[PDB]
Each structure stands twice: as structure tokens, then as C-alpha cells.
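The numbering of the sequence shown is the working numbering, which starts it at 438 and goes up by one.
Some notes on the structure that comes next.
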Amino acid sequence: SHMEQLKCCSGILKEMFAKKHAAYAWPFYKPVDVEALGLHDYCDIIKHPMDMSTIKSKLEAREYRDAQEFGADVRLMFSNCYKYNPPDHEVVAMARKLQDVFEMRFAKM
Ligand SMILES: Cc1[nH]c(-c2cc(NS(C)(=O)=O)ccc2Oc2ccccc2)c2c1C(=O)CCC2
């Protein structure tokens with residue numbers, strides 16, 4: 438059942454948004470604000486920006502064919518972060534902590 442699969446995907450995303458993970462998850466809640474952050478090269482380096490709010494909208498709208506399409510967007514959000522930033526960046530360590538939460542829940546769904 439794909440209704441079942443996406444209920445699980447919604448629960449995973451809702452947990453990623455929960456207070457327990459907020460110390461490291463907050464930079465991923467919304468699209469990267471390139472203008473406010475002065476990252477004028479970001480839209481040239483990152484061809485497909487992704488964030489948790491965009492993913493939530495797609496889940497609500499039922500735009501993912503399966504859990505695999507949901508997973509690929511979550512992993513695109515993390516890969517954009519690892520691609521754009523130096524490996525020692527504070528945001529990369531935050532992306533890794535959030536990805537630890539996602540990979541465990543997603544594998545056990
Ligand atoms: C280069 C970069 N900076 C930000 C960032 C986004 C916001 N708020 S926002 C969502 O844009 O509304 C605020 C501050 C930010 O910088 C940080 C965040 C934490 C630690 C150090 C710098 C992100 C980012 C990414 O690569 C992806 C994830 C978010």
C-alpha cells in the first residue's frame with residue numbers, strides 16, 4: 438500500500454521537524470536564503486535546491502510516486518549541503534546529525 442508508505446514518510450519528516458532534533462535540523466527547515474546569506478554563487482553550484490518545507494509540501498500534495506522518490510529529495514537536501522560547503526563547516530556536521538536520524542528511520546519504515 439502506497440498510502441501506508443507515505444504515512445511513514447510523513448512521520449519521518451514530522452520527526453525531523455520535532456523539537457528533539459531542532460539544534461541541528463533548523464538550517465534545513467526552509468530553502469537556503471541565498472540573498473540574506475550573501476551566497477550569490479549557490480544557485481550556480483546547486484542546480485536543484487531542496488529543504489524540508491519543500492518536501493512537506495510534496496507529501497501533502499501526494500507528488501511522490503513512492504517512498505524512494507521521497508528519499509531521493511531528502512538525500513538531495515543533504516548532498517546539496519555536502520557539495521556546497523567545506524567538509525569542516527558547522528552546517529555539514531549538522532547535516533550529518535540530521536541524516537543519522539533520517540537513515541535509521543527510513544531503513545526501519
Ligand atoms: C551555507 C548554508 N547556510 C545555511 C544557513 C541557513 C540559514 N537560514 S535559511 C534556512 O537560509 O532561512 C541560516 C544560517 C545558515 O548558515 C549556517 C547554519 C548553520 C551553521 C552555520 C551556518 C544553510 C546552508 C546550507 O548549505 C544548507 C542548510 C542551510
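C-beta: ideal position from N, C-alpha, C; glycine also.
- For the pair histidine 458 and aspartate 503, the CB atoms are not nearer than the 8 angstroms cut-off.
- Fewer than three Cβ pairs drawn from the stretch 468 to 479 and the stretch 495 to 515 lie within less than 8 angstroms of each other, which leaves the two stretches out of contact.
- Straight across, the Cα-Cα distance linking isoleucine 483 with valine 528 is about 16 angstroms.
- Judged by DSSP secondary structure, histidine 439 falls within the alpha helix (DSSP H) whose first and last residues are 439 to 453.
- Following the DSSP letters along the chain, one finds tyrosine 501 in no alpha helix (DSSP H), marked with neither H nor E.
- Ligand 1 never approaches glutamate 506 closely enough for any of its heavy atoms to be under 7 angstroms from the residue's Cβ.
- In this model, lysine 493 and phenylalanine 543 are separated by some 16 angstroms (Cα to Cα).
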